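Q: Got a structure here, written out as structure tokens. Questions coming.
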Amino acid sequence: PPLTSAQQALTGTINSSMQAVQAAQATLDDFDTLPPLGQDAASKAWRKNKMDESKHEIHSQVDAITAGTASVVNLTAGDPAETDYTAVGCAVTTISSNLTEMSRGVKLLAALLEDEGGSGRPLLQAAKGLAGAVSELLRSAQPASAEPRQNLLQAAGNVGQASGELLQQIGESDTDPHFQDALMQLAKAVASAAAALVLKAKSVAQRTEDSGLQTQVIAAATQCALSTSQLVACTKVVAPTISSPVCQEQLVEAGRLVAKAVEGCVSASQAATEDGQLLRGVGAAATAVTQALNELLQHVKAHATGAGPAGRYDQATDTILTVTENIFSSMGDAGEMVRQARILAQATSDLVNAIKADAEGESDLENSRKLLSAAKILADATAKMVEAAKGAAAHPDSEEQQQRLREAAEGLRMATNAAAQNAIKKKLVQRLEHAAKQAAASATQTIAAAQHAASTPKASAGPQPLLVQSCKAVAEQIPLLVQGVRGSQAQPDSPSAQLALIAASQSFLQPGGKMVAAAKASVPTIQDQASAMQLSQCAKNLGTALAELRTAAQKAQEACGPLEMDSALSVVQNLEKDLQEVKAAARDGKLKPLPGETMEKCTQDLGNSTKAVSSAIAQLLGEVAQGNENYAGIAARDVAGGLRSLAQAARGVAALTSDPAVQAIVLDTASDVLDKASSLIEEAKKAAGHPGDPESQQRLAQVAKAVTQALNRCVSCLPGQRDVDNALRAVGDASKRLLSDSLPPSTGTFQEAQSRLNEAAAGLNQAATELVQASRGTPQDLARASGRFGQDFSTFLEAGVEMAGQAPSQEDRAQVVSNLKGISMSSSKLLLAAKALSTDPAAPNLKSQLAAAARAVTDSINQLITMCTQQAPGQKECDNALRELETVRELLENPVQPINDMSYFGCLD
Amino acid sequence: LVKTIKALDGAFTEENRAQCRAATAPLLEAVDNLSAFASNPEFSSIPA
Amino acid sequence: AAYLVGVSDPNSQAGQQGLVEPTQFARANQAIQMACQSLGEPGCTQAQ
């Protein structure tokens, strides 16, 4: 055949790729699809959320396109019958995969930009014009055509420029154009130095006299001229993508190839022996690889100019800030003023000898060069204040000597703060900005591949996904870090935004790395081979990502002291200020909820986050009982994010409901929670300051009981539950009257109470039986059966206590009462299981949790009936058995949860 | 509690009975503390 | 027994069921509180 079967499969790969190119432009015309946000400040914040989040989503996926373009040019750089055409089809799929999410991504942006300025239409036409450049690039990918390579090179160069023009349309062109156009100053210089050496390789061709050797020089030179023109075409693609490391390997890939082209050409230059042009050819080839080296020296510094490492030890800066107030406090004495300048000259210079030691143990030298810059500000400010304090001490009445002392004090204290904070936060710019952004594109490329993997079979019914079952999990965890990226850029000084980025990183590492092992497991599952190559590639990119996360995680955890106790109180201050605005917003009565919020879902999310924050509350009490623990600020940070998730969940269901009475209820219950939570952190600071004090241990324990009482106010404020707390109150308060000072007024006869108790117990278990029968139904049907079972229990409670006085001995009666106490407490835990069963009916373990609690009350009543009723008719033995038959009957109805933990063979015996 | 259990085993004293009854309140707290930690649903159950 | 046949299907996905079983804890937390109310009674034998 003219082309191999891999190229025949590449033809179907091209026809599948180019079909989705024009279809993405046709689907672009349905732009807005916009739900209304309204006047809600949380919706305006959600408008501010989706602005910064979706801006990085387009910015992430364009880098893999620019990496995917030149990789085709690197693969096609060889001769025919020497090119892995299967790897070529891998790079064109991920370009089209990002092209699909680019259309849907800017579709939300077209509705976004229409609200603010309405000037998004040049972004739409530049994106469709960018996709048309890939279509002609896909036409150049056909190997059967006789088109030259430079036709493919110049067609691909317009794709990389217009992508940066689309990045210029976005506004996230973070790389400075003085560095981007300097690459054009280098790449055009390389091809000029190549073509000059090609002419030197063409000059020695006439000097050769042997056949085959003259053709050997020109074929290496024309390939060198092709590879250096490929470098010009590659640099036009990666000119705004110099920060993206996923394409930087492709630079030195062809950089190795032009080194191979130099070594192929410089091997033929030595064949021209005893030549005057032999001497100039080696020096030209030495300067040819120098320009690739001098580009690569700037290429490392292209990444290094954003990533600057430095260590903020600050073992000497704390001695600087303490002695600065001694000058203004001792103003007026000549003896005490001149002695404090010698101590400040030693406290400042104690960091100078340690700043240079930090740069020696460091890898990159951007902030370390700024450490040389910041220490010179610390050295120059201490050099001019010694002469200023000398004139101010000897001449105290001089106004010019005192004015120079005031301006020199601020030029050292804030400069040391400029020396400290820039040492630690540009390290986080190296850490955290490179953490999430490289993890962002590598995450969704797996999502684009797995969706391409799920669409590869004809039927997607039951693909058994290890990725897509966790892709939906991690995609909610993606923009939590990205929201804190620009917030760290907007707020560099306060570390609490940066401390949340540390917590967002470790919370992303647990579901992240689990997917990467599942990604490598899903590699040979796909029948298509080219899709698995990017699946192998992105897993290496995720493997490259997760290694840098843990370096950012443990080092930034040790970057500052454990003072998160005071910052955790300021987190809930932002919540209560917005909730008071929500209190004004719920007073207005026109609130639009978020489209992701659902009333059946968020109430389950409220109760799950309710038990989550109280779990760390009990964790807080153990650290308080220890005292002076660094994990106390950790757990106080944990309960801040739990209440923050509880705040948006409470504000989610507030705009979902329409009853204005319960809107004030869900506000006042939530406001009383943070009011009690404000008392938690205020006393936990007193608990951390005072170790071993048992008085503060019982104080917050009583508050945490009232917190769980206030958490139960958030349970009782739900309109979905109907009188189940009243069913708890009807069961609970009638039994506490039965425990303390309860005597039946009329005992009657023993036969009239025995026949009454058996029939009253028959419908009692049947009302308990329909609890698991209504487990398949609506949760409001569980609230219906809670009232009938709670009323019939109190009807059975009066009938049970009536025959308590029929026993002659009260110790036999108190045994019956204590057994009746065991029935009442088992029904209470059955009711305590019912408050979560109606809350979370979807949980299968919570079904059997109530069902085992349902079996507990039915077994506790059959034993007391055997104690009280007469066994001489013998019909009560059938009566106790018939109740237990119906309880296990409906337990067989829903086989979703196992009863015990024994295995299959343990069940057979 | 065992130090008060062995003290009450055979004591039958009303004022000495409340010594173990008052010491159970830190016991019932820490028992309900870990069950509150067990109420965390990501630690409690994973659906199938 | 019928539960494990549901896990026996290849298209079915097994669950870790968390790290700890909460059904063992709710029975244990109740039965301790069931005994502490028996401890709360001032008049009782040493056998109880």
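Chain labels follow the order of the structure tokens: the first chain is A, the next B, and so on; residue numbering restarts at 1 in every chain, and ligands are counted from 1 in their shown order.
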May I have a table of the residues of chain A lying at most 9 Å from chain B, giving each one's closest pair of atoms and their distance in Å to one decimal, counting only C-alpha atoms, ordered by chain and ascending residue number, as JSON lines?
A:
```
{"residue": "A:608", "atom": "CA", "partner": "B:41", "partner_atom": "CA", "distance": 6.7}
{"residue": "A:609", "atom": "CA", "partner": "B:40", "partner_atom": "CA", "distance": 8.4}
{"residue": "A:610", "atom": "CA", "partner": "B:40", "partner_atom": "CA", "distance": 9.0}
{"residue": "A:611", "atom": "CA", "partner": "B:40", "partner_atom": "CA", "distance": 5.7}
{"residue": "A:612", "atom": "CA", "partner": "B:40", "partner_atom": "CA", "distance": 5.0}
{"residue": "A:613", "atom": "CA", "partner": "B:40", "partner_atom": "CA", "distance": 8.4}
{"residue": "A:614", "atom": "CA", "partner": "B:36", "partner_atom": "CA", "distance": 6.6}
{"residue": "A:615", "atom": "CA", "partner": "B:37", "partner_atom": "CA", "distance": 4.1}
{"residue": "A:616", "atom": "CA", "partner": "B:37", "partner_atom": "CA", "distance": 7.0}
{"residue": "A:617", "atom": "CA", "partner": "B:33", "partner_atom": "CA", "distance": 8.5}
{"residue": "A:618", "atom": "CA", "partner": "B:33", "partner_atom": "CA", "distance": 5.1}
{"residue": "A:619", "atom": "CA", "partner": "B:37", "partner_atom": "CA", "distance": 7.4}
{"residue": "A:621", "atom": "CA", "partner": "B:33", "partner_atom": "CA", "distance": 8.6}
{"residue": "A:622", "atom": "CA", "partner": "B:30", "partner_atom": "CA", "distance": 8.9}
{"residue": "A:701", "atom": "CA", "partner": "B:29", "partner_atom": "CA", "distance": 8.7}
{"residue": "A:843", "atom": "CA", "partner": "B:47", "partner_atom": "CA", "distance": 7.4}
{"residue": "A:844", "atom": "CA", "partner": "B:47", "partner_atom": "CA", "distance": 7.6}
{"residue": "A:845", "atom": "CA", "partner": "B:45", "partner_atom": "CA", "distance": 7.4}
```
Q: Take the residues that were just selected and, keeping N, CA, C and O atoms, output them as a PDB file, in the first residue's frame.
A:
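Output file selection.pdb is given in full below:
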```pdb
ATOM      1  N   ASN A 608     -25.093  16.220  57.167  1.00  0.00           N
ATOM      2  CA  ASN A 608     -23.777  15.595  57.089  1.00  0.00           C
ATOM      3  C   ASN A 608     -22.686  16.558  57.536  1.00  0.00           C
ATOM      4  O   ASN A 608     -21.733  16.156  58.213  1.00  0.00           O
ATOM      5  N   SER A 609     -22.817  17.836  57.177  1.00  0.00           N
ATOM      6  CA  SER A 609     -21.873  18.836  57.659  1.00  0.00           C
ATOM      7  C   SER A 609     -22.118  19.179  59.121  1.00  0.00           C
ATOM      8  O   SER A 609     -21.222  19.703  59.792  1.00  0.00           O
ATOM      9  N   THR A 610     -23.324  18.903  59.626  1.00  0.00           N
ATOM     10  CA  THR A 610     -23.601  19.106  61.044  1.00  0.00           C
ATOM     11  C   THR A 610     -22.845  18.098  61.896  1.00  0.00           C
ATOM     12  O   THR A 610     -22.254  18.455  62.923  1.00  0.00           O
ATOM     13  N   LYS A 611     -22.842  16.831  61.479  1.00  0.00           N
ATOM     14  CA  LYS A 611     -22.111  15.811  62.219  1.00  0.00           C
ATOM     15  C   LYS A 611     -20.610  15.931  61.988  1.00  0.00           C
ATOM     16  O   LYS A 611     -19.811  15.438  62.792  1.00  0.00           O
ATOM     17  N   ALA A 612     -20.212  16.586  60.896  1.00  0.00           N
ATOM     18  CA  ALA A 612     -18.795  16.716  60.581  1.00  0.00           C
ATOM     19  C   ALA A 612     -18.117  17.723  61.500  1.00  0.00           C
ATOM     20  O   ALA A 612     -17.003  17.488  61.984  1.00  0.00           O
ATOM     21  N   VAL A 613     -18.774  18.857  61.751  1.00  0.00           N
ATOM     22  CA  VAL A 613     -18.168  19.888  62.584  1.00  0.00           C
ATOM     23  C   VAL A 613     -18.185  19.465  64.052  1.00  0.00           C
ATOM     24  O   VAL A 613     -17.254  19.763  64.809  1.00  0.00           O
ATOM     25  N   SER A 614     -19.202  18.699  64.457  1.00  0.00           N
ATOM     26  CA  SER A 614     -19.284  18.253  65.843  1.00  0.00           C
ATOM     27  C   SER A 614     -18.295  17.128  66.116  1.00  0.00           C
ATOM     28  O   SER A 614     -17.919  16.889  67.269  1.00  0.00           O
ATOM     29  N   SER A 615     -17.874  16.421  65.066  1.00  0.00           N
ATOM     30  CA  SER A 615     -16.824  15.419  65.218  1.00  0.00           C
ATOM     31  C   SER A 615     -15.490  16.074  65.549  1.00  0.00           C
ATOM     32  O   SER A 615     -14.699  15.535  66.330  1.00  0.00           O
ATOM     33  N   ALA A 616     -15.229  17.247  64.972  1.00  0.00           N
ATOM     34  CA  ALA A 616     -14.005  17.970  65.295  1.00  0.00           C
ATOM     35  C   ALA A 616     -14.150  18.734  66.604  1.00  0.00           C
ATOM     36  O   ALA A 616     -13.150  19.145  67.206  1.00  0.00           O
ATOM     37  N   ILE A 617     -15.390  18.950  67.052  1.00  0.00           N
ATOM     38  CA  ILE A 617     -15.624  19.556  68.361  1.00  0.00           C
ATOM     39  C   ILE A 617     -15.175  18.610  69.467  1.00  0.00           C
ATOM     40  O   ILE A 617     -14.497  19.017  70.420  1.00  0.00           O
ATOM     41  N   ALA A 618     -15.521  17.326  69.341  1.00  0.00           N
ATOM     42  CA  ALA A 618     -15.023  16.323  70.278  1.00  0.00           C
ATOM     43  C   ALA A 618     -13.521  16.125  70.124  1.00  0.00           C
ATOM     44  O   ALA A 618     -12.828  15.787  71.091  1.00  0.00           O
ATOM     45  N   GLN A 619     -13.000  16.336  68.914  1.00  0.00           N
ATOM     46  CA  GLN A 619     -11.557  16.313  68.710  1.00  0.00           C
ATOM     47  C   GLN A 619     -10.899  17.534  69.344  1.00  0.00           C
ATOM     48  O   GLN A 619      -9.741  17.474  69.775  1.00  0.00           O
ATOM     49  N   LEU A 621     -11.877  18.894  72.161  1.00  0.00           N
ATOM     50  CA  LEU A 621     -11.881  18.750  73.614  1.00  0.00           C
ATOM     51  C   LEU A 621     -10.711  17.902  74.095  1.00  0.00           C
ATOM     52  O   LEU A 621     -10.205  18.104  75.203  1.00  0.00           O
ATOM     53  N   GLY A 622     -10.270  16.945  73.276  1.00  0.00           N
ATOM     54  CA  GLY A 622      -9.118  16.143  73.654  1.00  0.00           C
ATOM     55  C   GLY A 622      -7.819  16.920  73.567  1.00  0.00           C
ATOM     56  O   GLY A 622      -6.896  16.697  74.354  1.00  0.00           O
ATOM     57  N   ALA A 701     -17.288  22.137  77.690  1.00  0.00           N
ATOM     58  CA  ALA A 701     -18.064  20.911  77.536  1.00  0.00           C
ATOM     59  C   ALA A 701     -19.553  21.188  77.681  1.00  0.00           C
ATOM     60  O   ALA A 701     -20.371  20.617  76.953  1.00  0.00           O
ATOM     61  N   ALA A 843     -28.855   6.455  52.300  1.00  0.00           N
ATOM     62  CA  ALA A 843     -27.772   5.681  52.893  1.00  0.00           C
ATOM     63  C   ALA A 843     -28.247   4.265  53.207  1.00  0.00           C
ATOM     64  O   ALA A 843     -29.206   4.094  53.973  1.00  0.00           O
ATOM     65  N   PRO A 844     -27.616   3.231  52.641  1.00  0.00           N
ATOM     66  CA  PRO A 844     -28.095   1.863  52.898  1.00  0.00           C
ATOM     67  C   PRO A 844     -27.731   1.359  54.281  1.00  0.00           C
ATOM     68  O   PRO A 844     -28.460   0.533  54.844  1.00  0.00           O
ATOM     69  N   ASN A 845     -26.613   1.828  54.842  1.00  0.00           N
ATOM     70  CA  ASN A 845     -26.232   1.417  56.189  1.00  0.00           C
ATOM     71  C   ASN A 845     -27.150   2.045  57.230  1.00  0.00           C
ATOM     72  O   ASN A 845     -27.370   1.473  58.304  1.00  0.00           O
TER      73      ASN A 845
END
```
Q: Show me, as a PDB file with C-alpha atoms, in the first residue's frame, the residues of chain C whose atoms get within 9 Å of chain A, using only C-alpha atoms for the distance check.
A:
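Output contents, as saved in out.pdb:
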```pdb
ATOM      1  CA  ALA C   1     -26.470 -14.110  52.080  1.00  0.00           C
ATOM      2  CA  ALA C   2     -28.514 -12.327  49.409  1.00  0.00           C
ATOM      3  CA  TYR C   3     -26.364  -9.205  49.847  1.00  0.00           C
ATOM      4  CA  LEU C   4     -23.154 -10.950  48.752  1.00  0.00           C
ATOM      5  CA  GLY C   6     -25.352  -8.481  44.750  1.00  0.00           C
ATOM      6  CA  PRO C  10     -18.904  -7.927  37.860  1.00  0.00           C
ATOM      7  CA  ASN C  11     -20.615  -4.646  36.956  1.00  0.00           C
ATOM      8  CA  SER C  12     -21.356  -4.029  40.640  1.00  0.00           C
ATOM      9  CA  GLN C  13     -18.991  -1.888  42.710  1.00  0.00           C
ATOM     10  CA  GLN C  17     -18.115   0.949  54.344  1.00  0.00           C
ATOM     11  CA  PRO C  22     -20.863   2.497  63.239  1.00  0.00           C
ATOM     12  CA  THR C  23     -23.497  -0.146  64.019  1.00  0.00           C
ATOM     13  CA  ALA C  26     -24.472   2.707  68.465  1.00  0.00           C
ATOM     14  CA  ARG C  27     -25.231  -0.573  70.231  1.00  0.00           C
ATOM     15  CA  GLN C  30     -26.733   2.627  74.047  1.00  0.00           C
ATOM     16  CA  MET C  34     -28.632   1.527  79.477  1.00  0.00           C
ATOM     17  CA  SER C  38     -29.235   1.256  86.224  1.00  0.00           C
TER      18      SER C  38
END
```
Q: With a distance threshold of 8 Å and counting only C-alpha atoms, extract the residues of chain C near chain B and express them as a ChimeraX atom specification.
A: /C:13-22,25-26,29,33,36,39-40,42,45-46
Q: For the residues selected in the previous step, produce a file with N, CA and C atoms as an mmCIF file, in the first residue's frame.
A:
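Saved file out-v9.cif follows:
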```cif
data_model
loop_
_atom_site.group_PDB
_atom_site.id
_atom_site.type_symbol
_atom_site.label_atom_id
_atom_site.label_comp_id
_atom_site.auth_asym_id
_atom_site.auth_seq_id
_atom_site.Cartn_x
_atom_site.Cartn_y
_atom_site.Cartn_z
ATOM 1 N N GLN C 13 -20.140 -2.488 42.048
ATOM 2 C CA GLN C 13 -18.991 -1.888 42.710
ATOM 3 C C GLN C 13 -19.100 -2.103 44.213
ATOM 4 N N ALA C 14 -18.044 -2.652 44.805
ATOM 5 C CA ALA C 14 -18.019 -2.881 46.241
ATOM 6 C C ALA C 14 -17.740 -1.585 46.990
ATOM 7 N N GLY C 15 -18.123 -1.559 48.263
ATOM 8 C CA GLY C 15 -17.897 -0.401 49.104
ATOM 9 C C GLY C 15 -17.007 -0.703 50.290
ATOM 10 N N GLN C 16 -16.205 0.280 50.703
ATOM 11 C CA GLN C 16 -15.315 0.079 51.842
ATOM 12 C C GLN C 16 -16.077 0.119 53.163
ATOM 13 N N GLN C 17 -17.273 0.730 53.159
ATOM 14 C CA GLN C 17 -18.115 0.949 54.344
ATOM 15 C C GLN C 17 -17.359 1.719 55.426
ATOM 16 N N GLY C 18 -16.648 2.764 55.009
ATOM 17 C CA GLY C 18 -15.869 3.559 55.930
ATOM 18 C C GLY C 18 -14.650 2.810 56.441
ATOM 19 N N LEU C 19 -14.095 3.340 57.527
ATOM 20 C CA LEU C 19 -12.969 2.697 58.191
ATOM 21 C C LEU C 19 -13.396 1.939 59.441
ATOM 22 N N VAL C 20 -14.538 2.302 60.017
ATOM 23 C CA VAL C 20 -15.049 1.683 61.234
ATOM 24 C C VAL C 20 -16.533 1.403 61.047
ATOM 25 N N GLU C 21 -17.024 0.369 61.714
ATOM 26 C CA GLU C 21 -18.435 0.025 61.618
ATOM 27 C C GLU C 21 -19.229 0.806 62.660
ATOM 28 N N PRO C 22 -20.147 1.683 62.245
ATOM 29 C CA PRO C 22 -20.863 2.497 63.239
ATOM 30 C C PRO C 22 -21.995 1.755 63.928
ATOM 31 N N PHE C 25 -20.911 0.692 67.299
ATOM 32 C CA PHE C 25 -20.779 1.791 68.246
ATOM 33 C C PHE C 25 -22.112 2.236 68.820
ATOM 34 N N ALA C 26 -23.165 2.257 67.998
ATOM 35 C CA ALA C 26 -24.472 2.707 68.465
ATOM 36 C C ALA C 26 -25.084 1.712 69.442
ATOM 37 N N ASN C 29 -22.818 2.339 72.614
ATOM 38 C CA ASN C 29 -23.128 3.590 73.299
ATOM 39 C C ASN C 29 -24.481 3.517 73.994
ATOM 40 N N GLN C 33 -25.147 3.406 78.208
ATOM 41 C CA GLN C 33 -26.139 4.320 78.761
ATOM 42 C C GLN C 33 -27.337 3.575 79.338
ATOM 43 N N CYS C 36 -25.842 2.771 82.752
ATOM 44 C CA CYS C 36 -25.649 3.932 83.612
ATOM 45 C C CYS C 36 -26.953 4.422 84.224
ATOM 46 N N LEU C 39 -27.140 2.280 86.942
ATOM 47 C CA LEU C 39 -26.227 2.834 87.936
ATOM 48 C C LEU C 39 -26.815 4.081 88.583
ATOM 49 N N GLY C 40 -27.710 4.774 87.874
ATOM 50 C CA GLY C 40 -28.291 5.994 88.414
ATOM 51 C C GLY C 40 -29.302 5.732 89.515
ATOM 52 N N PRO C 42 -30.342 4.712 93.044
ATOM 53 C CA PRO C 42 -29.580 4.626 94.302
ATOM 54 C C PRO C 42 -29.764 3.307 95.033
ATOM 55 N N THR C 45 -28.817 -3.946 94.032
ATOM 56 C CA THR C 45 -27.948 -4.984 94.565
ATOM 57 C C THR C 45 -26.584 -4.936 93.887
ATOM 58 N N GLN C 46 -25.636 -5.697 94.439
ATOM 59 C CA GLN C 46 -24.303 -5.752 93.845
ATOM 60 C C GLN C 46 -24.284 -6.650 92.614
#
```
Q: Would you pick out the contacts of residue 477 in chain A at 12 Å or less, using only C-alpha atoms, so that residues sharing its chain but fewer than 4 positions from it are not included, and give the list as a PyMOL selection string?
A: chain A and resi 53+436+439-440+443+470-473+481-483+503-512
Q: Interatomic distance between CA of residue 768 in chain A and CA of residue 871 in chain A?
A: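 Between CA of residue 768 in chain A and CA of residue 871 in chain A the gap works out to 25.2 Å.
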Q: Rounded to one decimal in Å, what is the spacing between CA of residue 751 in chain A and CA of residue 798 in chain A?
A: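 Going from CA of residue 751 in chain A over to CA of residue 798 in chain A, I get 16.4 Å.
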Q: Could you jot down the CA of residue 705 in chain A to CA of residue 631 in chain A separation for me, Å, one decimal place?
A: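 Taking CA of residue 705 in chain A and CA of residue 631 in chain A, their separation equals 22.1 Å.
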Q: I'd like the contact shell of residue 737 in chain A - 12 Å cut-off, only C-alpha atoms, skipping same-chain residues fewer than 3 positions apart - returned as an MDAnalysis selection string.
A: chainID A and resid 729:734 740:743 794 797:798 801 821
Q: What parts of range 190-261 of chain A does DSSP call helix (DSSP H, G or I)? I'd like the answer as an MDAnalysis selection string.
A: chainID A and resid 190:207 213:237 248:261
